[PDB]
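To find a chain, count down the sequence lines: A is the first, B the second, and so on, and within it residues start at 1. These values consider heavy atoms only, across backbone and side chains, with no hydrogens, waters or symmetry-generated copies.
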Amino acid sequence: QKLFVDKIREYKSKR
Amino acid sequence: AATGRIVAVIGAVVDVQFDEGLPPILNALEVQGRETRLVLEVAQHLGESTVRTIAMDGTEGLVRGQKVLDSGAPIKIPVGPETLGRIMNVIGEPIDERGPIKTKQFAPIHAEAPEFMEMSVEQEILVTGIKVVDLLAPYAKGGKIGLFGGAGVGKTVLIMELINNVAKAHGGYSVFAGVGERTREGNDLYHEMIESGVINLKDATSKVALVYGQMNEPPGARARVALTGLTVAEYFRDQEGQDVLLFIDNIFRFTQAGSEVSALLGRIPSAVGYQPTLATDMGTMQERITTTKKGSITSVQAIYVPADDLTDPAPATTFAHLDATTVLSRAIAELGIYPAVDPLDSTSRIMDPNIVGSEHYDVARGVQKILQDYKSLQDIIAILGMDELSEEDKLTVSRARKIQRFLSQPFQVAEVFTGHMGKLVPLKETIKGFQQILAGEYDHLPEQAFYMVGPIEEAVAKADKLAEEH
Amino acid sequence: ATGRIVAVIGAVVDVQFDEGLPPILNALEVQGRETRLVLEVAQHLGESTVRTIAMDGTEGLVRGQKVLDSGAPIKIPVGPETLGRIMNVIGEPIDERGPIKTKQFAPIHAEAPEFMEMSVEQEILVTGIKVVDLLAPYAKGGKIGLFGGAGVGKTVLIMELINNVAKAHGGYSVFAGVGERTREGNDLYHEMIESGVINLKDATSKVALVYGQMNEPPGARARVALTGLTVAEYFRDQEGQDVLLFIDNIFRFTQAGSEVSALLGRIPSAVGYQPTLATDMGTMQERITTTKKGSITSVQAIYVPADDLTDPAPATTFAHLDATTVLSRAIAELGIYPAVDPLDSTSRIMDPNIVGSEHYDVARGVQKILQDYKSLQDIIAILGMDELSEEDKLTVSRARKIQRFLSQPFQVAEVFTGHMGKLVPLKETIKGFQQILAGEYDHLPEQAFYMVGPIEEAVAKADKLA
Amino acid sequence: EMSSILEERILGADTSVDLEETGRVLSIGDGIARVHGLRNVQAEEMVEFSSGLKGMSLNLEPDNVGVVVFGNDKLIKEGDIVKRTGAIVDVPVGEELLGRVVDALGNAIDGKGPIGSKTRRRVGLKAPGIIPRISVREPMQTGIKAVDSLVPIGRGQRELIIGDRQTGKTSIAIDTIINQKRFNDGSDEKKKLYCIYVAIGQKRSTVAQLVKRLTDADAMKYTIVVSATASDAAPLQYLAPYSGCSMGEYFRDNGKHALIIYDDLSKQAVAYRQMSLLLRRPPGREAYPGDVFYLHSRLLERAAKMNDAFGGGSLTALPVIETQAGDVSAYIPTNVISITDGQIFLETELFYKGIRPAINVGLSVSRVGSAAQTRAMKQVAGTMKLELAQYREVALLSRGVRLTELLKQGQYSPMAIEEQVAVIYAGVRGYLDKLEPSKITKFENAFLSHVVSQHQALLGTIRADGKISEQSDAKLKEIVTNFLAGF
Amino acid sequence: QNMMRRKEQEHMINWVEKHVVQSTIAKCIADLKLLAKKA
Amino acid sequence: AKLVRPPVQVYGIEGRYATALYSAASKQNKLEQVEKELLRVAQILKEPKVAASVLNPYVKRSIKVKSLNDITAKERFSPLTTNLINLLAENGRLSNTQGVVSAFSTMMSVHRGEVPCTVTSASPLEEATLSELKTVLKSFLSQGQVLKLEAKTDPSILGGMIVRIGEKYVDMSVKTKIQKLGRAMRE
Amino acid sequence: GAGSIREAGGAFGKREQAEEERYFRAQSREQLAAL
Ligand SMILES: Nc1ncnc2c1ncn2[C@@H]1O[C@H](COP(=O)(O)OP(=O)(O)OP(=O)(O)O)[C@@H](O)[C@H]1O
Ligand SMILES: Nc1ncnc2c1ncn2[C@@H]1O[C@H](COP(=O)(O)OP(=O)(O)O)[C@@H](O)[C@H]1O
Ligand SMILES: Nc1ncnc2c1ncn2[C@@H]1O[C@H](COP(=O)(O)OP(=O)(O)O)[C@@H](O)[C@H]1O
Ligand SMILES: [Mg+2]
Ligand SMILES: [Mg+2]
Ligand SMILES: [Mg+2]
């Protein structure tokens, strides 16, 4: 689920 | 029958490979797996058990390896009385949404022309009621006519006027073939015929069969629709002996359709981009449209002249296939004269004093001579002006302008354009009117009284009313 | 990646790669040459073979010669360091002043600006040329095209425009010489050095020159216009500057493509041109544009082969321009210079709401009287002048006076004419032509309006003849 | 914002993988890809390259498929994978395209987001046959006096705008589009005309100027602009007219009325010639393919008026053709002239002699004619046409000059049909022979002003009744007599 | 305000794209498992 | 006479001669013998001495026909391949010989039921995972099919695997997923 | 080439047509009043 990895991790990074 | 596979699709050209039983040239093939009917007409045997074919409909959605079935015969259309009042397309399907055309016999749209011993030498004038046509280039019963003209000169209006006049003065199962022309015009003609009782939707006693392949059709359909209409007319002529009318608008498209596939059929171009086989194709199609001893076919064909050339290979090749050519000039249509027939360019094979009589022939020749003299005098007018000619030259110019106006005639089918009412002038009325204008019996009447009238009595009445008001 | 040459036909070279087939438009370097021979990939032929167009001469190439792939298209140095320098099609300096030490290199193949980047401002650009400013005025940030046959004055007009606009210009300027005379490029270089627009000693130069001339093989002549575009595009985008881009001659671009189109194995189109003429021209011309990131005013000289304006190349160029100045050989043989055809030159800002109702009315009246004269020309030719009416003779006389007054002496033409050049303001042009149309000078001879500036010089010349 | 990019932009993305049917690029060049494999691909099916590019399979050959690339062939290499999409080329259609500038495939190029379109329609559909049609009766109002009076256009007609470069063809099309605002905001639904402008092979800044002009006059709210410009691939410029025609057939098939302008079809013919010559199809006249007539006829037959059983909608088509040096006799000009229902000939001589729009009334014909006019316009225009012909015969003469200078019109000023009728009345009844030809124009302006200031009743009467009544005849008679006395 | 939002969102997209690239046999395991479910 | 079409199709001179030989051998059901004999003549002509002598245009055609007759009779060749080489030498298509062989070969490759399979990956895959991959990809085929697998490696897909079985194609590379996410965020 | 001046539609054909129309409209007005 590397797309969900992108989603979650980069959301927490941009936040 | 034989089953093959589509191996190539380029535009409207489809190469089909057969394993067993290569189909002969001109056979119809059915593409299997299509919701609508797609017919491929075999054109060439390419070797390698492959044939090249022209599609009668669009080739979108065709796949390499799609299966194709051999009909075992050329395109076969229903023929008989049951085609009257119906509209069919190139492959014989009804396109008027009125159910199947149930006939007892089908005919192949590819047939041989009548032999030399089957010809008929009888010539008899067919009076149309149009002054210029009746006088300067009369039509013949059972002859091929042909209407030449560029874009917007009046070919369609003239052919509808001829439909009206002749095909209502007729009782012999007319046929109309729409070849590569506008669909709006086809709808208009269909509803005109339904309204004027010529086509009968209920109480099926119609007297015209309709065949339509229009501009949106691929080149194969526009190249074979003329043959479909020809085949209906051929059945009416041969299988019943009836005297038939055939109205083809427009036959140039036939030739044009061929060109649009020529390069794709592997053929080196000829002159002006036409196929090398233009003349022989036109000949094999036109030699079937003929009166035999078995029956009569009076053929009226509209012939499009690209860019008003008349030396283009298609009209120039059509010229020798006709018996009375009517040439519509744009220069005359710009003078306001309608029909735009060119009096010095239209020719009939029965304009012979041993066929029509010496009075008619002399009047026609005198009209043509005075119009040619007018053409010659226009140059001297251009350089010198109209106030320097011998009084006989002014008389020639005046009578020539009067004859020009009087050659024009208001049509019944043009009441929306003109505003005037239609006129249908008999033959002797025309001859008498032009004989009197030639003799000088109306040198006192103004030239504008002869414009857009019927016989010469209407000219005198219009002159009287003009004098009263003006 | 390394391939080997398998075929050489003119400017076209087939290269077979064992591994790593280079993309289309990539630049490849031939190994074993004395100078840099760059091949641009144009087609993938199959079987790991590409077809390329050479940017230099292919003499001496041997089948099997090694070719390296650069990994990117032709990249030229872009920046303010290119100002005052001359570079060729592949960005190499040809002015013997050493390397162009920029900090960035841009590929000569780029995408055209999108639809949302387009600008709509249409302010006039006064040039000092009476016929141009009156009948077909130029616009700032617009595309100007100068059409003309051989020897009608395209180079003279474009040099006059360089003199009248580029010196008075606030931004930068780029001159792309495409398939023209090399001595003309030498003349332009040395004239710009004399006039201080190019400074060989410091960084105050305002013009960048890119030359691939008519001695170049067709690949260089086809891509040197793109090199000039790349320089101007850098100045427009990364600097935000207002750029002047002069391209003489742009037709050569198309012609160069024609010369290779047969060798690339393509079925010829009309008049023997490549089938891709219009799309190649569009890909090139859509980058020559004003965006909302910067402005580019473009002046392109367009050669007309055999004086035939219906030739596919000028006929296709007509749609890419905001203003067209069509020079005529027939007008040039009447002694009228510049040879602008006043009834064939158009502009999109010739609009009352843009140039003013006064300007618009004067221009339209001038064109009306010239069209009426042209209509009378046949009768005048055969039946002589005396077979006309009085108003027809008055129209002929005023139209001839206007024809004369449309001519003008240029400052670049001072050398071979002796007449000092004239820069006529727009208001003086409008006033003079309004006055001629009114009839205020129906008493002066027509020879008094020939090769003058403002109308005051016309009346002075009239008083000097009598 | 980190919500518009992650709420559903990633949460819903159709991440599933499918078993694709593919082929392999044998060669690529000049926007033509010869592809191995793709056994079950259909003719004219849309395929997709491994770099997001799309193409159309046009040459189904035994050993390869010839694919035309809808983009730049720079991104395609030999050996790339070409996937099937299983569908014949189609574009989005619907009301959501109004106000948007899209490319030849329906992607928004105006930077306003995605078109919320749910309906898709093939671009190569067949035109309606004989039965679904009915005669052309409703008038298509252009707002141009010369057109609306002497070359009238009905709804469902194909009228060609043919002329040289810079003669005023796009101006006619844009005037016609601007004119429809009076009806598109009114209450009559069967009088609204949704417009479609197809820009083929044009400069992109020209299309930007045109969209600015359409937004100034607030005409973009009912206009779709399809743009395949000069930098777009030849397949896209080939396909733009059919995409626009599908967007208009959507309205035609739903009881609504649409208008489409093809500006211009000469550049579409050029792009089709390029595609065909690069597909190695043999050239014909002027190197054009053999079936360029079919190219334009299968497009211009899709403009039609439908009967009541099929909704009563219509699609009017205004193709544009650019001739070289006035050579109407060229290949593509004669093709399109033989196709359409009439032509509007523009001339350079007429343009520079002050006649603007430069319509050549001698050559300009409308095969539909008075069948598609209002009764008032017909009343005034039959007489105006007769007198203008009689003036052309001797060019009375003062009335003829009056009518000529009355046919002139400004740009981007489409007049209402009632004001047109009032002006042609004032000009055809003798109220203009007392004035010199030079001042006629300004009088008209003043006249219109007066009539649109204190005489809205008579204009509303002419508008509602469609014809003039003898009562309203006398009313406008006395109005124009008083104004001429005061002028 | 609108321009700021647009440019900030574009750079956010660029940064997320660049930074997910920097960031497993479980990938191949799930790939083979899904190819098993290809039917 | 009716001709027997091979299961796959090849075009050109080589494809035409290969289809001819395939039909003429499947009639006498001697496909494997002519397969091995075509490999033999390919190895024979590939030898540089013959590849230089009989591929020479400035020596007579009949002389090279006689030498080919010598080299095909001396090596105990069937009449089928014998007069096939005689036909190739008569028409002058000797240069296409290898091509014909190649064509014939791939025909037999699909007559035995051998489907090509490409498995692109960012790194060399694991051997037990490769065996499981071969096992599961066996299920994409009908009866009488065998994977001819060539798991070439491209490290630019960053992970996953791109599988092509004949013309069927699954794109499980992670780069495809990231590009889809990019297109989804931008649109 | 008879009638080729008017057939070319030049500046001489237009004036020829204008002359014919002028003369014959004058003659028509003269012939209508005497009827
Ligand atoms: N009715 C008019 N009155 C005054 N000016 C006009 C009129 N119509 C057009 N023009 C002007 O004449 C020029 C013709 O441009 P236009 O785009 O309208 O024609 P065009 O045939 O599309 O030209 P092209 O295709 O070469 O770009 C324009 O500058 C326009 O402003
Ligand atoms: N007999 C006529 N009377 C009046 N007007 C006519 C007549 N014939 C043609 N016209 C005019 O010329 C136009 C062209 O009509 P059409 O018959 O379709 O010509 P064509 O078929 O040759 O292109 C008509 O719409 C009409 O305006
Ligand atoms: N504005 C001008 N004034 C005087 N003579 C000119 C002018 N323009 C051109 N000429 C003449 O035409 C010749 C050609 O000039 P040039 O611009 O180099 O031709 P081209 O159109 O090929 O660029 C000049 O040498 C000059 O004799
Ligand atoms: Mg017609
Ligand atoms: Mg020059
Ligand atoms: Mg335009």
J.: Determine yes or no for a side-chain-to-main-chain donor-acceptor pair under 3.5 angstrom, with B:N187 supplying the side chain and D:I130 the backbone.
T.: yes
J.: Nearest 0.5 angstrom please: D:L58 CG to B:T59 OG1, how far?
T.: 9.5 Å
J.: Less than 4.5 Å to any heavy atom of chain B: does that hold for the side chain of D:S276, its backbone, both, or neither?
T.: neither
J.: Among residues at least two apart in sequence or on other chains, which ones pass salt bridge (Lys or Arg N to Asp or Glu O under 4.0 Å) with D:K126?
T.: B:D57, B:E217
J.: Please find the pair of heavy atoms, one from D:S135 and one from B:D188, that lie closest to each other, and give the distance.
T.: CB-OD1, 3.9 Å
J.: Would you say the side-chain atoms of D:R39 pair up with the backbone N or O of B:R64, donor to acceptor, closer than 3.5 Å?
T.: no
J.: What part of B:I87 is in contact with chain D, defined as an atom under 4.5 angstrom from a non-hydrogen atom: side chain, backbone, both or neither?
T.: side chain
J.: Identify which part of D:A371 has an atom lying under 4.5 Å from any heavy atom of chain B, answering side chain, backbone, both or neither.
T.: neither
J.: What option among B:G273, B:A263, B:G419 has the most heavy-atom pairs under 4.5 Å with chain D?
T.: B:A263
J.: Under 6.0 Å from the CD1 atom of B:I268, do we count more than 12 heavy atoms belonging to anything else shown?
T.: no
J.: What do the steps show when you test D:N335 against B:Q256 for side-chain contact (heavy atoms from CB on, under 4.5 Å), and what is the final call?
T.: CA-CA 11 Å; D:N335 283 338; B:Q256 195 194 215; 4.2 Å; yes
J.: Taking every non-hydrogen pair under 4.5 Å, which of D:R298, D:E301, D:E44, D:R122 racks up the most with chain B?
T.: D:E301
J.: Heavy-atom pairs under 4.5 Å with chain B: which of D:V41, D:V65, D:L279 has the most?
T.: D:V41
J.: Indicate the atoms forming the closest heavy-atom contact of D:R367 with B:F417, along with that distance.
T.: O-CE2, 4.2 Å
J.: Test: salt bridge (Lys or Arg N to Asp or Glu O under 4.0 Å). Region: residues 262-277 of chain B. Which pairs qualify, not counting sequence neighbours?
T.: none
J.: How close do D:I88 and B:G61 get, counting heavy atoms only, and between which atoms?
T.: CD1-N, 3.9 Å
J.: For the residue pair D:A43 and B:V9, what are the closest heavy atoms and their distance?
T.: CB-CG1, 4.0 Å
J.: Within a radius of less than 6.0 Å around CZ of D:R120, do more than 12 heavy atoms belonging to other residues, nucleotides or ligands occur?
T.: yes
J.: What part of B:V157 is in contact with chain D, defined as an atom under 4.5 angstrom from a non-hydrogen atom: side chain, backbone, both or neither?
T.: neither
J.: Looking at every heavy atom in both D:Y294 and B:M215, which two are closest together, and how far apart are they?
T.: CD1-O, 4.3 Å
J.: Where on B:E334 is there a heavy atom nearer than 4.5 Å to chain D: the side chain, the backbone, both, or neither?
T.: side chain
J.: So which part of B:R330 gets closer than 4.5 Å to some heavy atom of chain D, the side chain, the backbone, both or neither?
T.: neither
J.: Examine whether an atom of D:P289 lies under 4.5 Å from a heavy atom of chain B, and if so say whether it belongs to the side chain, the backbone or both; otherwise answer neither.
T.: neither
J.: Within residues 387-395 of chain D, which residues come under 4.5 Å of chain B, heavy atom to heavy atom?
T.: none
J.: Sort D:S338 into side chain, backbone, both or neither according to what part of it lies under 4.5 angstrom from a heavy atom of chain B.
T.: both
J.: Could you state the interatomic distance from CG (D:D341) to CD (B:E185), rounded to the nearest 0.5 Å?
T.: 7.5 Å
J.: If we define contacts as heavy-atom pairs under 4.5 Å, which of B:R253, B:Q17, B:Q214 has the most with chain D?
T.: B:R253
J.: What part of B:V416 gets within 4.5 angstrom of chain D, counting heavy atoms only: side chain, backbone, both, or neither?
T.: backbone
J.: Would you check if the side chain of B:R182 reaches a backbone N or O of D:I339 as a donor-acceptor pair within less than 3.5 Å?
T.: yes
J.: For residues B:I10 and D:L60, report the shortest heavy-atom separation together with the two atoms involved.
T.: CG1-O, 4.5 Å
J.: Counting heavy-atom pairs under 4.5 Å with chain D, which one of B:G266, B:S259, B:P218, B:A333 comes out on top?
T.: B:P218
J.: Considering residues at least two apart in sequence or located in another chain, which fulfil the salt bridge (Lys or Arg N to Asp or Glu O under 4.0 Å) criterion with B:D281?
T.: none
J.: Can you say whether D:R158 sits under 4.5 Å from chain B via the side chain, the backbone, both, or neither, judging by heavy atoms?
T.: side chain
J.: So for D:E61, is it side chain, backbone, both, or neither that comes closer than 4.5 Å to the heavy atoms of chain B?
T.: both
J.: For D:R133 and B:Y190, what are the C-alpha separation, side-chain angles and deciding distance, and is it a side-chain contact (heavy atoms from CB on, under 4.5 Å)?
T.: CA-CA 11 Å; D:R133 297 170 179 244; B:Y190 184 55; over 6 Å; no
J.: Can you tell me if NE2 on B:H191 sees more than 12 non-hydrogen neighbours from other groups inside 6.0 Å?
T.: yes
J.: Hey, what do you get for CD (D:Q42) to CD (B:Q66), rounding to the nearest 0.5 Å?
T.: 8.5 Å
J.: Return the CZ to CD distance between B:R184 and D:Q157, rounded to the nearest 0.5 Å.
T.: 7.0 Å
